[PDB]
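Let me begin by presenting the structure, written as structure tokens, before commenting on it.
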Number of protein chains: 4
Amino acid sequence: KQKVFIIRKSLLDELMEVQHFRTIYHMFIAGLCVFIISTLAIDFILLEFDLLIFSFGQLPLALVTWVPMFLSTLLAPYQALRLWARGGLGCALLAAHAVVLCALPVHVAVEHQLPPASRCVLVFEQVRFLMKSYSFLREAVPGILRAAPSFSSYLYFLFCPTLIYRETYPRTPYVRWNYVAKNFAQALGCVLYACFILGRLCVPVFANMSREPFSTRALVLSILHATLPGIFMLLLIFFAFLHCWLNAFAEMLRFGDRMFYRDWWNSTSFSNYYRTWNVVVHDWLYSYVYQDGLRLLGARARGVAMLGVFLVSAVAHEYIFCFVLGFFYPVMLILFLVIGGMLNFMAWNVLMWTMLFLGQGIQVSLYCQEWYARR
Amino acid sequence: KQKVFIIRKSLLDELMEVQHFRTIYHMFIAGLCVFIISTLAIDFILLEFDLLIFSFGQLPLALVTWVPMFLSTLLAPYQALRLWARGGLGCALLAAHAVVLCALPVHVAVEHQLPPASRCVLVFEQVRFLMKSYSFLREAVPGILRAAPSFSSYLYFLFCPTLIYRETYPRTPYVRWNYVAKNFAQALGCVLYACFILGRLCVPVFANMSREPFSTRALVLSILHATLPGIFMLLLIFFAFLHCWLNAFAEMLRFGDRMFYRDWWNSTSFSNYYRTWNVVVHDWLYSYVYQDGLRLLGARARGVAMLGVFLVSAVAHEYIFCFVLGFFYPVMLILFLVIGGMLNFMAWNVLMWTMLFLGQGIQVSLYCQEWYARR
Amino acid sequence: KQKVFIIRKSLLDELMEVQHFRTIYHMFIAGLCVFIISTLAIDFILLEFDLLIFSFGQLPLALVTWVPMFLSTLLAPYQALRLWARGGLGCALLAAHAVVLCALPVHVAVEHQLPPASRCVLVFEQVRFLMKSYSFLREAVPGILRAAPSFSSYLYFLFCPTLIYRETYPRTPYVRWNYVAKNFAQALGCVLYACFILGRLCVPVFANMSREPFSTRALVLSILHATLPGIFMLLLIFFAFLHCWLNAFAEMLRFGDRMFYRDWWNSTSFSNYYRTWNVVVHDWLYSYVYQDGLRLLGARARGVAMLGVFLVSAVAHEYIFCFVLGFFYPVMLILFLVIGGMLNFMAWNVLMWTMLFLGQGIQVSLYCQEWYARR
Amino acid sequence: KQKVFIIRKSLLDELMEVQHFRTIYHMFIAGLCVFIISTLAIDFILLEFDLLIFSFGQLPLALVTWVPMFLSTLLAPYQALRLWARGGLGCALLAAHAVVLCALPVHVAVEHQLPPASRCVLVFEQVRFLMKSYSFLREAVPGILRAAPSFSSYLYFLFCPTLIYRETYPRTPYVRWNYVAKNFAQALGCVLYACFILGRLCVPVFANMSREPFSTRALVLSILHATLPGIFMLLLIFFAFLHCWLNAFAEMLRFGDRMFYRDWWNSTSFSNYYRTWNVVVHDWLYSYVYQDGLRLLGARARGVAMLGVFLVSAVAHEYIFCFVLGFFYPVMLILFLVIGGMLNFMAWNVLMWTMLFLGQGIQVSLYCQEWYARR
Ligand SMILES: CC(C)c1cccc(C(C)C)c1NC(=O)NCC1(c2ccc(N(C)C)cc2)CCCC1
Ligand SMILES: CC(C)c1cccc(C(C)C)c1NC(=O)NCC1(c2ccc(N(C)C)cc2)CCCC1
Ligand SMILES: CC(C)c1cccc(C(C)C)c1NC(=O)NCC1(c2ccc(N(C)C)cc2)CCCC1
Ligand SMILES: CC(C)c1cccc(C(C)C)c1NC(=O)NCC1(c2ccc(N(C)C)cc2)CCCC1
Ligand SMILES: CC(C)CCC[C@@H](C)[C@H]1CC[C@H]2[C@@H]3CC=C4C[C@@H](O)CC[C@]4(C)[C@H]3CC[C@]12C
Ligand SMILES: CC(C)CCC[C@@H](C)[C@H]1CC[C@H]2[C@@H]3CC=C4C[C@@H](O)CC[C@]4(C)[C@H]3CC[C@]12C
Ligand SMILES: CC(C)CCC[C@@H](C)[C@H]1CC[C@H]2[C@@H]3CC=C4C[C@@H](O)CC[C@]4(C)[C@H]3CC[C@]12C
Ligand SMILES: CC(C)CCC[C@@H](C)[C@H]1CC[C@H]2[C@@H]3CC=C4C[C@@H](O)CC[C@]4(C)[C@H]3CC[C@]12C
Ligand SMILES: CC(C)CCC[C@@H](C)[C@H]1CC[C@H]2[C@@H]3CC=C4C[C@@H](O)CC[C@]4(C)[C@H]3CC[C@]12C
Ligand SMILES: CC(C)CCC[C@@H](C)[C@H]1CC[C@H]2[C@@H]3CC=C4C[C@@H](O)CC[C@]4(C)[C@H]3CC[C@]12C
Ligand SMILES: CC(C)CCC[C@@H](C)[C@H]1CC[C@H]2[C@@H]3CC=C4C[C@@H](O)CC[C@]4(C)[C@H]3CC[C@]12C
Ligand SMILES: CC(C)CCC[C@@H](C)[C@H]1CC[C@H]2[C@@H]3CC=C4C[C@@H](O)CC[C@]4(C)[C@H]3CC[C@]12C
Ligand SMILES: CCCCCCCC/C=C\CCCCCCCC(=O)O
Ligand SMILES: CCCCCCCC/C=C\CCCCCCCC(=O)O
Ligand SMILES: CCCCCCCC/C=C\CCCCCCCC(=O)O
Ligand SMILES: CCCCCCCC/C=C\CCCCCCCC(=O)O
């Protein structure tokens, strides 16, 4: 079974009309308004824009080095498949493409001493492009093996908010530019909220790790003190980059099928949590690793087939982190596995939320430790 | 217009069945589970039961001095009205009743050096009894002025969750003891949550006010650091003593009409906020001060009639606080007035939530300052 | 034969209407009025409230340590039987319940140096709860043994004036609050009468036991001098705690079947005296020891079966006394046995009344001796 | 209206069959049995027969000097009226009769130093004989005044339990000698009970009045200590000499109309108390002073007519007391008047019983004081 596309609307959006959720939304904006008034009134007697100006250090060079990678992932796979579907040298071309964005974004990352944010831009873009380039390839190839995909659909697909290539993509009548303006305003608001959290309740508690004799009193209490930044960081990532950002693009491109996330907050079974969190990357990983592993192995036993998807999911995130902050030690590999093992096999809903709270409380602390032990 | 009673169910209860709210409920229990695991794991290498054992110092003497006050407010008003409705000395008896719980709970509060919690018990009980005793009198008196209320209904009314005396009180078929057991379990859970907040994120930041040279750096930043304890304290008071506790008693006594609070979190207009927060005391204050002021004055201009209710509401809360922690300075009088003036006259919803957040952030800080400057 | 309940009225109550008994009742109130006028006129040139304030020393702590015992005996037996009737761990829970009010009321009695009155409160409450908790268990268990009792009926039963659990309890139309007010007024009057007796005709004769060379002149004459306090103490216990108090609760709870005592004062045979004095505890002891001993033993000879009930009745009262005044020596064990042996086997009515008069004359004297030899 | 005689039975006798009163009766016999066992067991290591042997000092001379007085009151009035009803010297004879028992029982009382008991015998006999001799005279005389009573009826009347002379006296079929034997057994039992009270709870507390500095501490407390002997003395006088003794004679003489006392213990109004206590002397006093005062004065105003009966009643009792113990000071004149004034003019039932209790408590104390201040 390969995914078939329908015209359902993003669950939170149709839910965002129910009044009590507009209240919760307003309560969180009040929370932002409290941080901005208090930080203003304190630092007046300027702001924590220290992070934004620092973190976005070489953002010009980041975007100027994004451009050629985008041009390469645009041209290379299409030309490769087009000549290859005329019966050549494509085998070398797509491999050269696989290299041009496997070395370039690492070279430009390390050799030019990039800050974290403008590093995370390029690393996300390289995984993104690898995923959807390969997706298009594995879709188009079986069509060629009889004893030409439309270019416009490909270029469209490269900006479409989904990683599955269908060259159908059932669309909406028109574009509510008021709605996309609101969505990007909220996305920027979310970035400012995350900036305030990392500037105020994350750094000041963790700046002073130079005064640590390997005691467990400034690690456990610090982890608990940092669990709330942790949960806000994760939940803001969710809202900003899965309901603000992807819905904004799903609007601009007239893209239907806006189910990027089903109710993950309701997930009783942990399988349901994997199923209904970030459904776009889940759909790619499911279609192109699980349902291809099952075919390649021909395995009745998914036991080895799955834990393949989990292993790829585990290395991808550690690669990203290890890349973004230049840290050789994986924590979220070991934490990913130990949380996997706990929630997978070992009102149940509470345990997931608890093991998610510390699931963040650990991530932030153990990183802000070595982000300063390296500085 | 005097209030008429109907068999509607408490809004949050019928809302508590909708699944996303069961999620939020579970998220908050996860929060509690994180505090208990972390406090256990820290203080093992015992608990903050320091507060519970301290705050409930003479709780025995508190309940044993509650008993006679309850016996007096039970007997005195009924006997007085009963002989007074036989044509006597009642005028002296009700005045003696008005004294016996105006002096006794102050005497036993000050002259025995009571802690805060077992002080707040008696002060709530004395205001409670004054309010509903007077309520019964002003209901039954006009019935007597023709040129006898059933006693069982009075003793019932004295325990009924509403402050209006109707001696009808439309009732429910039977008693779901599973539901009341759940409600009291949640109420105790709420007290443990509040204990953890006051023991962990309120006291440790505020213990060190002995090292203050009248700087505004350890007042403003401390107020913002204490805004979140503030909001949790208020919102736990709401859930514990308006949906856990009063619904539990509204169940045990087969009492219908469980509308103690309409959607206050939705209140756009501030008048609506006063209308739909703690509807029981609002209903008493409305019926017996506003609609009686309007009658006494005969005033077309409510301008003096209202600001009477607000003034009584303002002195009552300051009396409680000033009593409970033995503090002569009113803050929430001046704060009550300055917040009144701001939200009353000066998407709007956000401003209320913001001016509520600091509305708490101020109360806690300015008190935990003088609770230690006196100790 | 297990007891079946009927709607008969308490014999003394229906007798209290016959005019000559209203005379005797008035004669005894005259007696009280003589003590109050004379004590007032003497001690003016204040009262014997010395005993009431002393005896009720830590009455606050007594009621606050009563509360958890009541909560435990409410919850534990029901929850245990309920899960045990779902096919568990109940066997441990009821044993933990059997401990929580076997140690707690002894600990709080001895380790806090309680006075006699506020000791007798808790010791009565622990025996009371043990008796009716066990009663409920042994009633409900045989219902479960087929190859759920209503909770409301259990909590009701826990306050019902009878120790047999029936969950039927045939009830009266309504509640004569005038009658219950009268009953509690009489009960308080009885306590004041008993206070006056112990303060005037018991202590002043017995304070001077420091001047005793083991002579029989200040023991026998003192015993006779103290026989009348003795009879008034017993007969006031009868009227206060079997016709004032239990009828007041049998009224408040709409409980029918108010036969707590048949005409004991008429008892010719001593078996009839055991049968018709304090019929509630007699009914429990009969149903759950005699009629269960007969079943367990399968004994045609009740000779060992009875003297079981008598032995339990003998140890229970000595346990109470030994507990209440902290006296290791049993007298009313030996006196209970010697009076048993005399009236059981060895116009006849007179001998019982005589052997009751000294039956009291002994108890008081032999106690007020060692209550001061220990002080 | 002069009294007319009917065949009603003594109220307590027909009441003595109702079972609860047989219980009270047995309770009082138990009380006697306790005094006899305890006095025996004490004085063994003989009895208080000291009083009986002392008080009945010259009882032989008392009876031998009773005889001639009886012979005189028998013969003199009959012979006087018989000759006087033959048309003489009768006017001198009845006057000589009035002297022969007005001087003789005083002479033999004082000049021979008689003890109290054997004095009270003769003083009762002289008032008794005066009353019924005069009664017969005032009955028979109006029959003679037309322009002979049967002797046997007179001699009978002189022993009849009533003071009104009717020479009809409606009689009963026969004589239940079992019943009269029981009555005299009870009468002797009552004398033994009174002896025990005066020997044990009256004298030992009052022997030590030689050690009094005119303090009010050994007068008020002693009066209260002696109120219970007081009430038993009065109530035993009632039972012994109005239900044991007069009913025994009302049996032996086949006399109907045994209403010597209606329910005095029920008397709400004090007029009812005078009406229904000792109805025999009341009937004489009513018939021969009140209904003759009203005739002599012809007074519409009974105000002076009554207070005549009260004055005669007041002097008669003080004469008796003053005679019996040789005490010149009247207390029960002043107490009679002060109790008269209080209960006559100034659930009401209680006050009478209270003012009776002290009404005795005073009498005994104030006498046992001067019975020893004279000895
Ligand atoms: C949030 C994470 C623990 C998680 C839980 C369950 C399932 C998944 C995948 C297989 C869909 C993920 N990982 C993810 O979605 N990674 C991609 C993104 C991501 C989210 C959070 C994090 N952090 C934990 C910082 C990193 C990447 C989504 C939004 C931005 C990219
Ligand atoms: C919460 C408060 C600012 C407020 C806002 C709007 C309207 C009212 C009244 C007129 C109903 C109140 N005050 C109140 O309800 N006082 C009584 C109680 C109360 C609530 C909070 C506080 N604190 C602010 C600690 C004190 C009392 C309700 C729950 C317990 C008693
Ligand atoms: C009064 C006692 C000697 C007695 C005689 C005959 C039968 C019984 C029982 C088996 C019903 C008792 N004991 C009793 O009833 N104990 C319980 C109570 C009791 C009564 C008197 C005493 N005292 C002798 C002080 C102690 C307990 C009843 C009222 C208060 C509790
Ligand atoms: C008992 C007395 C206070 C009293 C109250 C009310 C009415 C009367 C009369 C008018 C019938 C009397 N007095 C009386 O009855 N005197 C005669 C007797 C009497 C009774 C008691 C006393 N004492 C007070 C010792 C003296 C005489 C009756 C039984 C023996 C003679
Ligand atoms: C606009 C700026 C201030 C960011 C606002 C973020 C808020 C409005 C968004 C981001 C994540 C969202 C939450 C994530 C999921 C849940 C759990 C659900 O059971 C209740 C709604 C709730 C709690 C959502 C409410 C709206 C939400 C809180
Ligand atoms: C709070 C501080 C650290 C600001 C954080 C800035 C970074 C972490 C945030 C802000 C804007 C975000 C980016 C905006 C949108 C995109 C395009 C998408 O195709 C890849 C992810 C990427 C590149 C996001 C990654 C995370 C991001 C770069
Ligand atoms: C049981 C213990 C842990 C206390 C739990 C308190 C939680 C479950 C209760 C107390 C107060 C309640 C909240 C108060 C009002 C709102 C605003 C509304 O727009 C969304 C629901 C929400 C957010 C409620 C959800 C449930 C709630 C959070
Ligand atoms: C967190 C720490 C300080 C514990 C706080 C304990 C106090 C503040 C809480 C816990 C239980 C609460 C009480 C329980 C219920 C009642 C009965 C009601 O008729 C008056 C209010 C009153 C008396 C509550 C007042 C507030 C209260 C006393
Ligand atoms: C109200 C205060 C003063 C206490 C009064 C106690 C009196 C009124 C009560 C308590 C015990 C009762 C007594 C106990 C039993 C008997 C024996 C019976 O054969 C006659 C009634 C009699 C004598 C009762 C009469 C009423 C009584 C005496
Ligand atoms: C005369 C002086 C000593 C006063 C005596 C006070 C004591 C002995 C009396 C007064 C009130 C009585 C208590 C009131 C009612 C109850 C509740 C019942 O479920 C158990 C017995 C118990 C607890 C009684 C026991 C005896 C008691 C405690
Ligand atoms: C035979 C010896 C022991 C003397 C016995 C005296 C007793 C049995 C007699 C003498 C006086 C009598 C009492 C006097 C009047 C009353 C008041 C009445 O409302 C109840 C009966 C009662 C209480 C009588 C009961 C029997 C009585 C007590
Ligand atoms: C307790 C001690 C003092 C014994 C008292 C003995 C005296 C007071 C008692 C015992 C027997 C009684 C007497 C027996 C019967 C009679 C005959 C009657 O026609 C006159 C009264 C009279 C004479 C009684 C008067 C009181 C009396 C004399
Ligand atoms: C597993 C690692 C996470 C990789 C993140 C993938 C994000 C989802 C992928 C594609 C949808 C994004 C489409 C809209 C972004 C266009 C912005 C741009 O090109 O600058
Ligand atoms: C304005 C000051 C706030 C006063 C608080 C009043 C609370 C609401 C009043 C009555 C409803 C309470 C009924 C249930 C409580 C019974 C508990 C008890 O009696 O101990
Ligand atoms: C044998 C030892 C005597 C034990 C005494 C037992 C008393 C009779 C038992 C139960 C009936 C009492 C019911 C009314 C009391 C409720 C008062 C309360 O709970 O405080
Ligand atoms: C007012 C002073 C009291 C006087 C007492 C009078 C007693 C009642 C009078 C007469 C009835 C007595 C009849 C039986 C007694 C005969 C005994 C005898 O003669 O020895």
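Quick note on naming: the chains in the structure tokens go A, B, ... in the order shown, residues restart at 1 in each chain, and ligands are numbered from 1 in order of appearance.
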Contacts of residue A:163 at 10 Å or less, counting only C-alpha atoms, minus same-chain residues fewer than 4 places along, as a PDB file with C-alpha atoms, in the first residue's frame?
ATOM      1  CA  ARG A 128      15.730  17.539   2.940  1.00  0.00           C
ATOM      2  CA  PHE A 129      17.184  17.530  -0.655  1.00  0.00           C
ATOM      3  CA  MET A 131      15.363  12.610   0.976  1.00  0.00           C
ATOM      4  CA  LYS A 132      13.104  14.118  -1.789  1.00  0.00           C
ATOM      5  CA  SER A 133      15.711  13.713  -4.645  1.00  0.00           C
ATOM      6  CA  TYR A 134      15.996   9.941  -3.790  1.00  0.00           C
ATOM      7  CA  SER A 135      12.146   9.828  -3.290  1.00  0.00           C
ATOM      8  CA  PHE A 136      11.575  11.182  -6.881  1.00  0.00           C
ATOM      9  CA  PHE A 157       7.381  18.802  -5.868  1.00  0.00           C
ATOM     10  CA  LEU A 158      10.851  20.136  -4.749  1.00  0.00           C
ATOM     11  CA  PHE A 159       8.952  22.974  -2.868  1.00  0.00           C
ATOM     12  CA  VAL A 279       3.714  12.527   9.275  1.00  0.00           C
ATOM     13  CA  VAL A 280       5.681  13.891   6.187  1.00  0.00           C
ATOM     14  CA  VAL A 281       9.112  12.344   7.200  1.00  0.00           C
ATOM     15  CA  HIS A 282       7.237   9.312   8.723  1.00  0.00           C
ATOM     16  CA  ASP A 283       5.501   8.800   5.286  1.00  0.00           C
ATOM     17  CA  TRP A 284       8.894   8.973   3.426  1.00  0.00           C
ATOM     18  CA  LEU A 285      10.627   6.658   5.996  1.00  0.00           C
TER      19      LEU A 285
END
Quick one: which residues from chain C are at most 6 Å off chain D, using only C-alpha atoms, as a ChimeraX atom specification?
-> /C:26,30,266,350,353-354
Can you spit out the residues from that selection as a compact mmCIF listing (two decimals), in the first residue's frame, using C-alpha atoms?
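Printed below is again.txt as written:
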# COMPACT_ATOMS: atom_id res chain seq x y z
CA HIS C 26 -38.61 16.13 87.48
CA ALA C 30 -34.75 18.99 91.17
CA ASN C 266 -37.64 -5.94 85.98
CA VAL C 350 -33.83 -7.66 95.40
CA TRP C 353 -30.16 -4.89 92.99
CA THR C 354 -28.16 -5.45 96.27
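Neighbours of ligand 10 at a cut-off of 6 Å, computed so that only C-alpha atoms and all ligand atoms are counted, are the residues residues 117, 120, 121, 124, 125, 191, 194 and 195 of chain C.
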Neighbour list for stretch 78-80 of chain C as a ChimeraX atom specification, cut-off 7 Å, only C-alpha atoms, skip fewer than 4 positions in-chain = /C:84,90,93-94
Could you please take those selected residues and save N, CA, C and O atoms as a PDB file, in the first residue's frame?
ATOM      1  N   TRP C  84     -11.905  -8.521  46.828  1.00  0.00           N
ATOM      2  CA  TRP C  84     -12.009  -9.944  47.260  1.00  0.00           C
ATOM      3  C   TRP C  84     -13.252 -10.598  46.641  1.00  0.00           C
ATOM      4  O   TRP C  84     -13.216 -11.825  46.418  1.00  0.00           O
ATOM      5  N   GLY C  90      -6.236  -8.035  49.427  1.00  0.00           N
ATOM      6  CA  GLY C  90      -7.195  -7.645  50.482  1.00  0.00           C
ATOM      7  C   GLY C  90      -6.823  -8.217  51.841  1.00  0.00           C
ATOM      8  O   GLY C  90      -6.891  -7.460  52.839  1.00  0.00           O
ATOM      9  N   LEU C  93      -4.614  -5.911  53.386  1.00  0.00           N
ATOM     10  CA  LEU C  93      -5.249  -4.575  53.585  1.00  0.00           C
ATOM     11  C   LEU C  93      -6.060  -4.564  54.892  1.00  0.00           C
ATOM     12  O   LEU C  93      -5.880  -3.612  55.686  1.00  0.00           O
ATOM     13  N   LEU C  94      -6.920  -5.570  55.107  1.00  0.00           N
ATOM     14  CA  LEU C  94      -7.787  -5.675  56.318  1.00  0.00           C
ATOM     15  C   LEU C  94      -6.938  -5.907  57.571  1.00  0.00           C
ATOM     16  O   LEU C  94      -7.342  -5.426  58.649  1.00  0.00           O
TER      17      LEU C  94
END
Please, what distance in Å, to one decimal, runs between atom CA of residue C:53 and atom CA of residue C:115?
-> 10.2 Å
State, in Å with one decimal place, the distance from atom CA of residue A:11 to atom CA of residue A:123.
-> 29.0 Å
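You will find atom 4 (C, counted along the ligand's line) of ligand 9 at 15.2 Å from atom CA of residue C:248.
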Go through stretch 111-319 of chain D and collect every residue that DSSP, computed from the backbone, puts in alpha helix (DSSP H); the answer should be as an NGL selection string.
-> :D and (116-144 or 151-159 or 177-197 or 203-206 or 217-225 or 227-239 or 245-252 or 270-275 or 279-285 or 291-297 or 302-305 or 308-319)
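Considering only C-alpha atoms and all ligand atoms, the residue among B:82, B:176, B:262, B:200 positioned nearest to ligand 8 is B:200.
Taking only C-alpha atoms into account, residue C:108 lies nearest to C:69 out of the set C:213, C:363, C:256, C:69.
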For residue A:292, which residue out of A:308, A:369, A:100, A:258 is the nearest one, using only C-alpha atoms?
-> A:308
May I have the residues within 10 Å of ligand 1, computed using only C-alpha atoms and all ligand atoms, as a PyMOL selection string?
-> chain A and resi 124+128+230-231+233-242+261+264+270-286+309-310+312-314+316-318+320-321+332+335-336+339-340+356+359-360+363-364
Taking 5 positions as the minimum chain separation for residues in the same chain, which residues sit within 12 Å of residue B:4 when counting only C-alpha atoms? Answer as a PDB file with N, CA, C and O atoms, in the first residue's frame.
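Full text of around.pdb as output:
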ATOM      1  N   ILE B 164     -26.805  31.320  48.110  1.00  0.00           N
ATOM      2  CA  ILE B 164     -28.244  31.720  48.033  1.00  0.00           C
ATOM      3  C   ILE B 164     -29.063  30.657  48.769  1.00  0.00           C
ATOM      4  O   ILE B 164     -28.844  29.466  48.485  1.00  0.00           O
ATOM      5  N   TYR B 165     -29.972  31.077  49.656  1.00  0.00           N
ATOM      6  CA  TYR B 165     -30.927  30.203  50.391  1.00  0.00           C
ATOM      7  C   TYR B 165     -32.261  30.161  49.633  1.00  0.00           C
ATOM      8  O   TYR B 165     -32.901  31.221  49.499  1.00  0.00           O
ATOM      9  N   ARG B 166     -32.664  28.976  49.157  1.00  0.00           N
ATOM     10  CA  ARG B 166     -33.904  28.769  48.354  1.00  0.00           C
ATOM     11  C   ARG B 166     -34.852  27.742  48.989  1.00  0.00           C
ATOM     12  O   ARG B 166     -36.034  27.766  48.600  1.00  0.00           O
ATOM     13  N   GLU B 167     -34.369  26.879  49.897  1.00  0.00           N
ATOM     14  CA  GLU B 167     -35.087  25.726  50.528  1.00  0.00           C
ATOM     15  C   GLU B 167     -35.899  24.922  49.495  1.00  0.00           C
ATOM     16  O   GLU B 167     -36.879  24.267  49.902  1.00  0.00           O
ATOM     17  N   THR B 168     -35.471  24.913  48.227  1.00  0.00           N
ATOM     18  CA  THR B 168     -36.013  24.058  47.135  1.00  0.00           C
ATOM     19  C   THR B 168     -34.871  23.159  46.651  1.00  0.00           C
ATOM     20  O   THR B 168     -34.973  21.930  46.843  1.00  0.00           O
ATOM     21  N   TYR B 169     -33.826  23.775  46.084  1.00  0.00           N
ATOM     22  CA  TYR B 169     -32.550  23.145  45.653  1.00  0.00           C
ATOM     23  C   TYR B 169     -32.851  21.899  44.828  1.00  0.00           C
ATOM     24  O   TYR B 169     -32.849  20.792  45.359  1.00  0.00           O
ATOM     25  N   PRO B 170     -33.137  22.045  43.513  1.00  0.00           N
ATOM     26  CA  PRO B 170     -33.547  20.908  42.691  1.00  0.00           C
ATOM     27  C   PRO B 170     -32.427  19.862  42.579  1.00  0.00           C
ATOM     28  O   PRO B 170     -31.333  20.214  42.166  1.00  0.00           O
ATOM     29  N   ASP B 257     -27.670  21.887  39.808  1.00  0.00           N
ATOM     30  CA  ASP B 257     -27.171  23.273  39.583  1.00  0.00           C
ATOM     31  C   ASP B 257     -25.699  23.382  40.009  1.00  0.00           C
ATOM     32  O   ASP B 257     -25.419  24.042  41.036  1.00  0.00           O
ATOM     33  N   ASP B 283     -22.795  35.391  42.936  1.00  0.00           N
ATOM     34  CA  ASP B 283     -24.278  35.314  43.046  1.00  0.00           C
ATOM     35  C   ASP B 283     -24.720  35.928  44.380  1.00  0.00           C
ATOM     36  O   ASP B 283     -25.670  36.747  44.354  1.00  0.00           O
ATOM     37  N   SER B 287     -26.790  39.417  44.473  1.00  0.00           N
ATOM     38  CA  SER B 287     -28.162  39.335  45.044  1.00  0.00           C
ATOM     39  C   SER B 287     -28.314  40.259  46.264  1.00  0.00           C
ATOM     40  O   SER B 287     -29.348  40.951  46.335  1.00  0.00           O
TER      41      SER B 287
END
